[PDB]
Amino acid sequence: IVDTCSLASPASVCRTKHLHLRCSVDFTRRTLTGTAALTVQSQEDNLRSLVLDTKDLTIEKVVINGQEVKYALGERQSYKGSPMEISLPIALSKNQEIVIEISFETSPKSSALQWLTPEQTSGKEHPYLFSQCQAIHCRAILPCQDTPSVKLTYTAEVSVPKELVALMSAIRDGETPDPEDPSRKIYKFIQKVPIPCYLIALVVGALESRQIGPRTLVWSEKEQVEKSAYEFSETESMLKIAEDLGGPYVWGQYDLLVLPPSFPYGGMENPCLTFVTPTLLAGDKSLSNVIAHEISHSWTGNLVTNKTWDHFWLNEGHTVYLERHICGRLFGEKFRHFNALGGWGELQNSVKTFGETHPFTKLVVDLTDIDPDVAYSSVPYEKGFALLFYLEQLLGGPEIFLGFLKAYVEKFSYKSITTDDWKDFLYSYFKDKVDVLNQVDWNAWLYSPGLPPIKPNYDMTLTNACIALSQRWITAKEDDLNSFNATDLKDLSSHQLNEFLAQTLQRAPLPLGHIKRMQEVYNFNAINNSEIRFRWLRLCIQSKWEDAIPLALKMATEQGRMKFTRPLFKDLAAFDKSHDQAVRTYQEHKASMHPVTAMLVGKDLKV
């Protein structure tokens, strides 16, 4: 299969084996400037020119073997960017490799980067920069074959103001004063494991660290360090469980970076340095499943990688599966089943939101002429997980299926694969059960829109009390309201509180008086746990409670995790009382927002 999201030469023509990156970070001008030395290997005889991906890059020169060579930038093709064709001085034959060094400058409007002014940080004294390349934004930092079908090693030296710290998705390789003059410091990095280019990450800011494990430091601004070190304490014990499930952890260090509130996702599995949203800082470790998730990518995703974005579910379905086994080992099989069932509920929501015949509710998708950031949703996570959970139960239980998963990881490590590679390895591993495998509706699961053709079995132990309470609220009449009491919540974990709200939200609106009484007896306004507050405020807004309007606007703008921010703005726009303020608030904020988030909310709000 070809990668329809890249304009570069396909891996069937040439392959980038290594990147050498030397660049400087300029906050005054909001540019990354430097050279990108690509070691490229030909896959055919008589290769004379190749094409790379770029987006809003300024190219100063292309050097090969000490000399400057010819290159042409084609017309930009919307979200894909502009193809950069490079002429080779000598015609390459199979397995022969050249090193092409490209002098480049990034635009301040790079979709891969957010540049924060000092007022936008916790410290107020220093600026901050962070990248987010997945799915196809690496090209907006430097020219490359921007496709997961290619894996390269890389080494980096980056020059930053000496008061600031730089970190990458690599092993830290020391720091020295920048010899070439300024009171700038230069930081070195090495990534010895080949990775898809979407896993290249950079952060520069006033960073402090704290060690919480033998191979884990936590990084953030000073004011979040102590809280982060506490929140993510369990990290090493999750890594050990993950190593037991997936095989050896090959990356060396597992550091964590806690970004500014505008970081668009819950986390990003950048090798050697996972990124996480500060919205995880609940103060009780209750949102640590996100860490377990990013840890599991150290095998499914980063070692075995989707060959194109059409097969994204391979990355996410398997990682959610491992994530939930980690948490199940830590807190019990009953908790694993509770999280599993909650995930099915999230799938129901996604399918209803898109519509059951919508192409984005298929497991394997076709992103031809679709911006990946627009297609993104929980469908590949939860439909992918549901398929693996169904197969787990079909093939004889978690022990058996986990054996498959480890052999799967071993088999395809360091490779990029398609859904078909996965499936006929499944059939090969389970040759003794092919008759069982032939029972599953593969066409429906892989290719049909909507909910899966069959629902797995879920233990109900921890879910039952959530169902009882949500139903009482959903069906309550006037004479029931006075019976509700804070004692209803007595034996419910925060996880169950969240699930209670999720179930209730599925049936919103509730009558306004009900939602008022709910705050009266449960005081959800006071809970800072982001998942819970998110769903509570959605329920308040969809139920037409005007008092919740400032609370919702505040959460939507004070952080920028798209999971929270997009639906809050969307609920507020749909509420006639808050619509105008919602649009005005977005217009006033969008200049200071992450570029992808700004774009998506603007589409959402239709402005």
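In this text, the rigid core denotes the largest set of C-alpha atoms whose superposition between the two forms falls within 1.5 Å. Counting begins at 1, following the sequence as shown.
- Taking the root mean square of CA deviations in 6 other deposited structures of this protein after fitting on the rigid core, 176 to 184 and 103 to 111 differ, and the farther of the two is 176 to 184.
- Of 123 to 131 and 471 to 479, the stretch whose C-alpha atoms sit farther from the shown form in 6 other deposited structures of this protein, after fitting on the rigid core, is 471 to 479.
- Stretches 132 to 140 and 243 to 251 differ in mean C-alpha B factor, with the higher average recorded for 243 to 251.
- In this crystal structure, the stretch out of 47 to 55 and 565 to 573 whose C-alpha atoms carry the higher mean B factor is 47 to 55.
- Out of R336, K352, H358, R184, it is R184 whose C-alpha atom has the highest B-factor in the PDB entry.
- Each of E119, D420, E269, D371 has a CA temperature factor in the record; the biggest one is found at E119.
- Sorting the modelled residues of the chain by their CA temperature factor places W445 in the lowest third.
- Split the chain's modelled residues into thirds by C-alpha temperature factor. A8 is in the middle one.
- In the deposited entry, the Cα temperature factor of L32 places it in the highest third of its chain's modelled residues.
- When all modelled residues of the chain are sorted by CA temperature factor, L38 is found within the highest third.
- Among the modelled residues of its chain, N529 has a C-alpha B-factor that falls in the middle third, as given in the PDB entry.
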